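The data below hold one chain only, encoded as structure tokens and taken in the form deposited in one PDB entry.
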């Protein structure tokens, strides 16, 4: 029975702190409410009655999409600008661990992260939400070791980073549940290899079309030796160039769940 007005965090209750970086539609800062929060300042200066109502509509979606493996929407703030407030993940991002700290995860941990990410993506798809922007950069590690997917919000506003782009997207509308599945395949690649795909190609433009046409795909030889065979097989499916040949997330999760029992 709550309404949009009630999800505003009263002015002054959030102290905004260290700037973290850019996310979809805005800038992410660390903050303090009663506890740690993340605050994403939206890039909108003076919102028209139509843009405010759209913000209301998206917020309405965020309020009802809830799962242990996606960020919790905690409210929005109005001054100085519209902002989305969420819980803070002390473990930062998967990207930061894999590619910036070069943190060493053991195989069991890699697989647990893949499993939690698949659970999260499965829930979003079950709610008919297309993420469009899945990458290790917006997969977060909570202090309690849970995976929290982020950047799934403002989906409709979206329908108005090339490494995770399915070829049909990378050459072109083109976004689908199946393109989400591909980006997840790249995240599996990141996890199972410890590196970004195409690390041997220095020019984007070479990558953009070769992957687009289909003459370039991730080098699977870079996969760790203790990576389960099933996991390798699943990754290859999610990365199918023909989008209709990719598995869906109920299937992906089932495959990772069972594959995880064997351990």
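Only the largest set of C-alpha atoms that superpose within 1.5 Å between the two forms is called the rigid core. Numbering follows the first chain given and starts at 1.
Only in words, not in the display: the form deposited in another entry, which the text now covers.
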Query raised in the report: Where among 196, 227, 44, 208 does the Cα move by 2 Å or more between the shown form and the other one after the core is superposed?
Result: 44
Requested in this report: Determine, after fitting the two forms on their core, whether residue 58 shows a C-alpha shift of 2 Å or more between the shown form and the other one.
Outcome: yes
Query raised in the report: Once everything's superposed on the core, is residue 239 shifted 2 Å or more at the Cα between the shown form and the other one?
Result: no
Report summary line: Taking the shown form as reference, the Cα pair residue 132 and residue 49 shifts by 3 Å or more in the other form and sits closer
Requested in this report: Might you say whether the CA atoms of residue 132 and residue 53 end up closer or farther apart in the other form than in this form? Their distance differs by 3 Å or more.
Outcome: closer
